[PDB]
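**Q** So that you have it, the file is entry_18.pdb, and it contains PDB, C-alpha atoms:
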```
MODEL        1
ATOM      1  CA  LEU A   1      94.742 172.430  91.877
ATOM      2  CA  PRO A   2      92.440 170.440  94.182
ATOM      3  CA  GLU A   3      90.349 172.574  96.539
ATOM      4  CA  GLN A   4      91.497 170.206  99.262
ATOM      5  CA  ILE A   5      93.970 167.389  99.734
ATOM      6  CA  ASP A   6      95.048 165.226 102.649
ATOM      7  CA  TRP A   7      98.119 163.066 102.092
ATOM      8  CA  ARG A   8      97.198 160.951 105.114
ATOM      9  CA  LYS A   9      94.189 159.760 103.130
ATOM     10  CA  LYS A  10      96.419 158.835 100.187
ATOM     11  CA  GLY A  11      98.641 156.488 102.179
ATOM     12  CA  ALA A  12     101.736 158.697 102.046
ATOM     13  CA  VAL A  13     102.051 159.480 105.776
ATOM     14  CA  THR A  14     103.294 157.274 108.630
ATOM     15  CA  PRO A  15     101.757 157.267 112.134
ATOM     16  CA  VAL A  16     102.485 160.305 114.321
ATOM     17  CA  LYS A  17     105.830 160.243 116.157
ATOM     18  CA  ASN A  18     107.126 161.842 119.380
ATOM     19  CA  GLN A  19     110.453 163.680 119.626
ATOM     20  CA  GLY A  20     110.283 163.625 123.420
ATOM     21  CA  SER A  21     112.520 165.912 125.486
ATOM     22  CA  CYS A  22     114.943 166.402 122.594
ATOM     23  CA  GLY A  23     115.012 169.351 120.256
ATOM     24  CA  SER A  24     115.093 167.249 117.089
ATOM     25  CA  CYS A  25     112.009 168.584 115.311
ATOM     26  CA  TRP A  26     114.301 169.618 112.470
ATOM     27  CA  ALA A  27     114.913 165.895 112.008
ATOM     28  CA  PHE A  28     111.346 164.648 112.450
ATOM     29  CA  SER A  29     109.884 167.180 110.030
ATOM     30  CA  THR A  30     112.555 166.616 107.378
ATOM     31  CA  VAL A  31     112.394 162.819 107.612
ATOM     32  CA  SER A  32     108.601 162.876 107.400
ATOM     33  CA  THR A  33     108.733 164.560 103.980
ATOM     34  CA  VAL A  34     111.247 161.955 102.771
ATOM     35  CA  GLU A  35     109.025 159.084 103.925
ATOM     36  CA  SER A  36     106.177 160.702 101.993
ATOM     37  CA  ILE A  37     107.957 161.458  98.710
ATOM     38  CA  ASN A  38     109.279 157.895  98.687
ATOM     39  CA  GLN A  39     105.760 156.476  99.000
ATOM     40  CA  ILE A  40     104.449 158.865  96.333
ATOM     41  CA  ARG A  41     107.186 157.831  93.890
ATOM     42  CA  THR A  42     107.548 154.111  94.664
ATOM     43  CA  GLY A  43     104.293 153.192  96.384
ATOM     44  CA  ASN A  44     106.169 151.935  99.438
ATOM     45  CA  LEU A  45     105.448 153.464 102.850
ATOM     46  CA  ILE A  46     108.468 153.123 105.132
ATOM     47  CA  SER A  47     109.181 154.684 108.523
ATOM     48  CA  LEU A  48     112.652 156.236 108.519
ATOM     49  CA  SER A  49     115.245 157.091 111.155
ATOM     50  CA  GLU A  50     115.315 160.492 112.838
ATOM     51  CA  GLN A  51     117.956 159.208 115.284
ATOM     52  CA  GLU A  52     120.383 158.726 112.405
ATOM     53  CA  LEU A  53     120.253 162.465 111.673
ATOM     54  CA  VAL A  54     120.499 163.376 115.353
ATOM     55  CA  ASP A  55     123.686 161.307 115.676
ATOM     56  CA  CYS A  56     125.324 161.753 112.263
ATOM     57  CA  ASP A  57     124.193 165.058 110.698
ATOM     58  CA  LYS A  58     127.180 166.949 112.141
ATOM     59  CA  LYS A  59     126.263 170.313 110.580
ATOM     60  CA  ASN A  60     123.213 170.285 112.836
ATOM     61  CA  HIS A  61     123.147 170.138 116.636
ATOM     62  CA  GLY A  62     121.383 166.960 117.718
ATOM     63  CA  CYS A  63     118.878 167.750 120.460
ATOM     64  CA  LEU A  64     119.952 171.396 120.408
ATOM     65  CA  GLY A  65     118.452 172.217 117.015
ATOM     66  CA  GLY A  66     119.227 172.240 113.310
ATOM     67  CA  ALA A  67     118.271 173.484 109.848
ATOM     68  CA  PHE A  68     116.216 171.838 107.090
ATOM     69  CA  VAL A  69     118.786 172.456 104.353
ATOM     70  CA  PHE A  70     121.575 170.725 106.275
ATOM     71  CA  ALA A  71     119.317 167.757 107.050
ATOM     72  CA  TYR A  72     118.299 167.162 103.422
ATOM     73  CA  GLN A  73     121.892 167.700 102.345
ATOM     74  CA  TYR A  74     123.156 165.087 104.800
ATOM     75  CA  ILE A  75     120.671 162.534 103.466
ATOM     76  CA  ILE A  76     121.772 163.232  99.894
ATOM     77  CA  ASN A  77     125.522 163.222 100.568
ATOM     78  CA  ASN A  78     125.303 160.131 102.767
ATOM     79  CA  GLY A  79     123.579 158.277  99.947
ATOM     80  CA  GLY A  80     120.438 157.528 101.929
ATOM     81  CA  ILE A  81     118.787 157.057 105.302
ATOM     82  CA  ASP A  82     118.047 153.915 107.361
ATOM     83  CA  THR A  83     114.716 152.750 108.815
ATOM     84  CA  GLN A  84     113.241 153.509 112.215
ATOM     85  CA  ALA A  85     113.470 149.790 113.024
ATOM     86  CA  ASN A  86     117.197 149.495 112.277
ATOM     87  CA  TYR A  87     118.169 152.773 113.950
ATOM     88  CA  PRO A  88     115.572 153.472 116.707
ATOM     89  CA  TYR A  89     114.969 156.836 118.357
ATOM     90  CA  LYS A  90     116.462 157.422 121.820
ATOM     91  CA  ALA A  91     115.677 161.131 122.317
ATOM     92  CA  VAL A  92     119.360 161.704 123.090
ATOM     93  CA  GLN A  93     122.327 162.176 120.776
ATOM     94  CA  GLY A  94     124.746 159.280 120.704
ATOM     95  CA  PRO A  95     127.696 157.947 118.680
ATOM     96  CA  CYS A  96     126.956 157.866 114.949
ATOM     97  CA  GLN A  97     126.402 154.270 113.831
ATOM     98  CA  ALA A  98     127.007 152.754 110.428
ATOM     99  CA  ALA A  99     123.672 152.440 108.655
ATOM    100  CA  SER A 100     121.965 150.893 105.651
ATOM    101  CA  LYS A 101     120.805 153.187 102.857
ATOM    102  CA  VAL A 102     117.203 152.068 102.421
ATOM    103  CA  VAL A 103     115.655 155.277 101.090
ATOM    104  CA  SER A 104     117.296 158.016  99.061
ATOM    105  CA  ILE A 105     116.345 161.362  97.533
ATOM    106  CA  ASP A 106     117.903 163.372  94.694
ATOM    107  CA  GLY A 107     117.568 166.904  96.032
ATOM    108  CA  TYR A 108     115.343 169.531  97.624
ATOM    109  CA  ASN A 109     113.573 172.736  96.580
ATOM    110  CA  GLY A 110     112.619 175.869  98.457
ATOM    111  CA  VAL A 111     109.202 177.462  98.004
ATOM    112  CA  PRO A 112     108.904 181.237  97.428
ATOM    113  CA  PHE A 113     108.666 182.968 100.820
ATOM    114  CA  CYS A 114     105.437 184.380 102.228
ATOM    115  CA  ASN A 115     103.408 183.159  99.265
ATOM    116  CA  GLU A 116     100.688 180.759 100.393
ATOM    117  CA  UNK A 117      99.461 180.315  96.817
ATOM    118  CA  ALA A 118     102.856 178.870  95.891
ATOM    119  CA  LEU A 119     102.879 176.851  99.111
ATOM    120  CA  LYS A 120      99.447 175.442  98.255
ATOM    121  CA  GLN A 121     100.829 174.360  94.884
ATOM    122  CA  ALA A 122     103.794 172.616  96.510
ATOM    123  CA  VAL A 123     101.637 170.822  99.088
ATOM    124  CA  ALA A 124      99.314 169.616  96.323
ATOM    125  CA  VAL A 125     102.348 167.776  94.921
ATOM    126  CA  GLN A 126     103.791 166.455  98.208
ATOM    127  CA  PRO A 127     104.084 167.141 101.949
ATOM    128  CA  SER A 128     106.402 170.073 102.622
ATOM    129  CA  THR A 129     108.405 171.166 105.631
ATOM    130  CA  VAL A 130     107.853 174.607 107.175
ATOM    131  CA  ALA A 131     109.051 176.532 110.225
ATOM    132  CA  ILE A 132     106.684 178.301 112.613
ATOM    133  CA  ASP A 133     106.700 180.308 115.820
ATOM    134  CA  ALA A 134     105.461 177.840 118.447
ATOM    135  CA  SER A 135     106.338 179.931 121.516
ATOM    136  CA  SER A 136     102.795 181.070 122.357
ATOM    137  CA  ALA A 137     100.967 179.266 125.165
ATOM    138  CA  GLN A 138      97.874 178.861 122.989
ATOM    139  CA  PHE A 139      99.822 176.889 120.399
ATOM    140  CA  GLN A 140     101.511 174.751 123.042
ATOM    141  CA  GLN A 141      98.199 173.925 124.724
ATOM    142  CA  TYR A 142      96.232 173.553 121.458
ATOM    143  CA  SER A 143      93.629 170.774 121.609
ATOM    144  CA  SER A 144      91.237 171.043 118.672
ATOM    145  CA  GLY A 145      89.611 173.241 116.060
ATOM    146  CA  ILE A 146      91.061 175.686 113.560
ATOM    147  CA  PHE A 147      93.909 177.492 115.307
ATOM    148  CA  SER A 148      93.981 181.198 114.462
ATOM    149  CA  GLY A 149      96.619 182.490 116.839
ATOM    150  CA  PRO A 150      97.909 184.388 118.597
ATOM    151  CA  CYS A 151     101.526 183.757 117.605
ATOM    152  CA  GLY A 152     104.436 185.730 116.186
ATOM    153  CA  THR A 153     106.699 185.133 113.195
ATOM    154  CA  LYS A 154     109.906 184.202 115.040
ATOM    155  CA  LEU A 155     110.844 180.809 113.595
ATOM    156  CA  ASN A 156     111.697 178.283 116.306
ATOM    157  CA  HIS A 157     109.917 175.023 115.461
ATOM    158  CA  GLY A 158     109.755 172.726 112.445
ATOM    159  CA  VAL A 159     106.623 170.904 111.287
ATOM    160  CA  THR A 160     105.124 169.423 108.116
ATOM    161  CA  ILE A 161     102.124 170.474 106.042
ATOM    162  CA  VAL A 162     100.423 167.276 104.878
ATOM    163  CA  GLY A 163      97.316 168.843 103.363
ATOM    164  CA  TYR A 164      94.849 171.720 103.192
ATOM    165  CA  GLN A 165      91.244 172.887 102.832
ATOM    166  CA  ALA A 166      90.177 176.337 101.609
ATOM    167  CA  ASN A 167      90.409 177.730 105.146
ATOM    168  CA  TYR A 168      93.367 175.908 106.671
ATOM    169  CA  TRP A 169      96.605 173.934 106.478
ATOM    170  CA  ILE A 170      96.751 170.437 107.981
ATOM    171  CA  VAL A 171      99.978 170.371 110.002
ATOM    172  CA  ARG A 172     101.761 167.313 111.388
ATOM    173  CA  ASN A 173     103.644 167.948 114.631
ATOM    174  CA  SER A 174     106.115 165.621 116.343
ATOM    175  CA  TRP A 175     104.853 165.832 119.922
ATOM    176  CA  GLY A 176     102.973 162.543 119.931
ATOM    177  CA  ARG A 177      99.316 161.537 119.735
ATOM    178  CA  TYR A 178      98.211 163.376 122.890
ATOM    179  CA  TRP A 179      98.812 166.886 121.596
ATOM    180  CA  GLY A 180      96.282 168.641 119.374
ATOM    181  CA  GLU A 181      94.049 166.533 117.146
ATOM    182  CA  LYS A 182      95.810 163.181 117.438
ATOM    183  CA  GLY A 183      99.156 164.885 116.871
ATOM    184  CA  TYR A 184      97.955 167.322 114.220
ATOM    185  CA  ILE A 185      96.892 170.960 114.144
ATOM    186  CA  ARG A 186      94.735 172.809 111.634
ATOM    187  CA  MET A 187      96.123 176.297 111.074
ATOM    188  CA  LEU A 188      94.140 179.088 109.445
ATOM    189  CA  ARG A 189      95.337 180.336 106.060
ATOM    190  CA  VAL A 190      95.681 184.099 106.507
ATOM    191  CA  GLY A 191      98.020 185.037 103.666
ATOM    192  CA  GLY A 192     101.101 187.224 103.935
ATOM    193  CA  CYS A 193     103.848 185.268 105.689
ATOM    194  CA  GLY A 194     101.191 182.981 107.154
ATOM    195  CA  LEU A 195      99.869 182.240 110.632
ATOM    196  CA  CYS A 196     102.781 181.948 113.074
ATOM    197  CA  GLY A 197     104.930 182.624 110.004
ATOM    198  CA  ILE A 198     104.181 179.232 108.466
ATOM    199  CA  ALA A 199     104.815 180.519 104.929
ATOM    200  CA  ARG A 200     108.236 182.024 105.703
ATOM    201  CA  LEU A 201     110.523 179.076 104.975
ATOM    202  CA  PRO A 202     109.062 176.064 103.106
ATOM    203  CA  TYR A 203     111.027 173.233 101.477
ATOM    204  CA  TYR A 204     110.294 169.817 100.014
ATOM    205  CA  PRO A 205     112.522 166.941  98.877
ATOM    206  CA  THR A 206     112.801 165.835  95.254
ATOM    207  CA  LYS A 207     113.122 162.341  93.798
ATOM    208  CA  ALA A 208     113.076 161.432  90.107
TER     209      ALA A 208
ENDMDL
END
```
Reformat the file's structure so that it appears as structure tokens.

**A**
Amino acid sequence: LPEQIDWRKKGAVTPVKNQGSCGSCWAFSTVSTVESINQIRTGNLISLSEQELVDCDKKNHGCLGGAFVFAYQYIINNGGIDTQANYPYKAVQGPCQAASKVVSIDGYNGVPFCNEXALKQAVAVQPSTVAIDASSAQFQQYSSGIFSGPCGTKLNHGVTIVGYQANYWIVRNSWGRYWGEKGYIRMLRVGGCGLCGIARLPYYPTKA
């Protein structure tokens, strides 16, 4: 496995997005991994619709939260997801619209829990979604550098790992460009269940 990898440098990651005052991080994180696996498999980088999930993924709760599994499942059962351009983000749940199926995935896989070595292996193949405890003030006001806590392991926020170095994970948040390092945060690799519990619940989409 590479000692380091950054999917942003390989053309598999779209510009940073902003979920606004809507608790749809479960949608932004999940969709991000689908945008990435599609580019890795087809060579085409396309920005997809988070709003579609917020409005139509009924098993989840729009701006009130949701789970990764149900998001990936919706995409699969629905036969695909539309683009950001065709179904723009409003930061508020609204009536589910009919949509075109531009990008599709075949399934999703979970990574063994609290095993950063296995997580490293998954990330080396493609960006993966993970849940973390983002309740600490230090995480919320993070600006730059390698974040090393403090933070607990109570899962309450979804983000995406788009790369790593020997000492840290490169994490893509969905709070816009003005948070952290242009929308990203470098989190220290500490083993166990990971910093802020980042290694507790990882998943990634699959596409033949």

**Q** Could you tell me which of A:157, A:17, A:207, A:186 comes closest to residue A:66 if we count all atoms listed in the file?

**A** A:157

**Q** Around the point (92.9, 173.6, 90.9) in the file's coordinates, collect all residues with an atom within 12 Å, using only C-alpha atoms, and return them as JSON, numbers by chain.

**A** {"A": [1, 2, 3, 4, 5, 117, 120, 121, 124, 125, 166]}

**Q** Have a look at atom CA of residue A:152 and atom CA of residue A:197 and let me know their distance in Å, one decimal.

**A**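 Value for the atom CA of residue A:152-atom CA of residue A:197 distance: 6.9 Å.
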
**Q** Run through the PyMOL selection byres ((chain A and resi 34) around 12) on the given coordinates and return the selected residues as an NGL selection string.

**A** :A and (12-14 or 27-33 or 35-42 or 44-50 or 68 or 71-72 or 75-76 or 80-83 or 102-108 or 126-129 or 160 or 203-207)

**Q** Quick one: write out the picked residues with C-alpha atoms as an mmCIF file, in the frame of the given file?

**A**
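Below is the file again.cif, written as the result:
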```
data_model
loop_
_atom_site.group_PDB
_atom_site.id
_atom_site.type_symbol
_atom_site.label_atom_id
_atom_site.label_comp_id
_atom_site.auth_asym_id
_atom_site.auth_seq_id
_atom_site.Cartn_x
_atom_site.Cartn_y
_atom_site.Cartn_z
ATOM 1 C CA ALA A 12 101.736 158.697 102.046
ATOM 2 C CA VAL A 13 102.051 159.480 105.776
ATOM 3 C CA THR A 14 103.294 157.274 108.630
ATOM 4 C CA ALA A 27 114.913 165.895 112.008
ATOM 5 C CA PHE A 28 111.346 164.648 112.450
ATOM 6 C CA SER A 29 109.884 167.180 110.030
ATOM 7 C CA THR A 30 112.555 166.616 107.378
ATOM 8 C CA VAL A 31 112.394 162.819 107.612
ATOM 9 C CA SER A 32 108.601 162.876 107.400
ATOM 10 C CA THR A 33 108.733 164.560 103.980
ATOM 11 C CA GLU A 35 109.025 159.084 103.925
ATOM 12 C CA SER A 36 106.177 160.702 101.993
ATOM 13 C CA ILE A 37 107.957 161.458 98.710
ATOM 14 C CA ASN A 38 109.279 157.895 98.687
ATOM 15 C CA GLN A 39 105.760 156.476 99.000
ATOM 16 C CA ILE A 40 104.449 158.865 96.333
ATOM 17 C CA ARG A 41 107.186 157.831 93.890
ATOM 18 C CA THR A 42 107.548 154.111 94.664
ATOM 19 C CA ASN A 44 106.169 151.935 99.438
ATOM 20 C CA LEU A 45 105.448 153.464 102.850
ATOM 21 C CA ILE A 46 108.468 153.123 105.132
ATOM 22 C CA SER A 47 109.181 154.684 108.523
ATOM 23 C CA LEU A 48 112.652 156.236 108.519
ATOM 24 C CA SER A 49 115.245 157.091 111.155
ATOM 25 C CA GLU A 50 115.315 160.492 112.838
ATOM 26 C CA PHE A 68 116.216 171.838 107.090
ATOM 27 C CA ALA A 71 119.317 167.757 107.050
ATOM 28 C CA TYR A 72 118.299 167.162 103.422
ATOM 29 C CA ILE A 75 120.671 162.534 103.466
ATOM 30 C CA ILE A 76 121.772 163.232 99.894
ATOM 31 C CA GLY A 80 120.438 157.528 101.929
ATOM 32 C CA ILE A 81 118.787 157.057 105.302
ATOM 33 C CA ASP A 82 118.047 153.915 107.361
ATOM 34 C CA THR A 83 114.716 152.750 108.815
ATOM 35 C CA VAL A 102 117.203 152.068 102.421
ATOM 36 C CA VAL A 103 115.655 155.277 101.090
ATOM 37 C CA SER A 104 117.296 158.016 99.061
ATOM 38 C CA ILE A 105 116.345 161.362 97.533
ATOM 39 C CA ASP A 106 117.903 163.372 94.694
ATOM 40 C CA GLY A 107 117.568 166.904 96.032
ATOM 41 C CA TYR A 108 115.343 169.531 97.624
ATOM 42 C CA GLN A 126 103.791 166.455 98.208
ATOM 43 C CA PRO A 127 104.084 167.141 101.949
ATOM 44 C CA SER A 128 106.402 170.073 102.622
ATOM 45 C CA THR A 129 108.405 171.166 105.631
ATOM 46 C CA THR A 160 105.124 169.423 108.116
ATOM 47 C CA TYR A 203 111.027 173.233 101.477
ATOM 48 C CA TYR A 204 110.294 169.817 100.014
ATOM 49 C CA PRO A 205 112.522 166.941 98.877
ATOM 50 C CA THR A 206 112.801 165.835 95.254
ATOM 51 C CA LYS A 207 113.122 162.341 93.798
#
```

**Q** State, in Å with one decimal place, the distance from atom CA of residue A:22 to atom CA of residue A:63.

**A**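 Taking atom CA of residue A:22 as the start and atom CA of residue A:63 as the end point, the length is 4.7 Å.
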
**Q** Rank nothing, just name the residue among A:123, A:134, A:175, A:93 nearest to residue A:19, using all atoms listed in the file.

**A**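 Of A:123, A:134, A:175, A:93, the one nearest residue A:19 is A:175, counting all atoms listed in the file.
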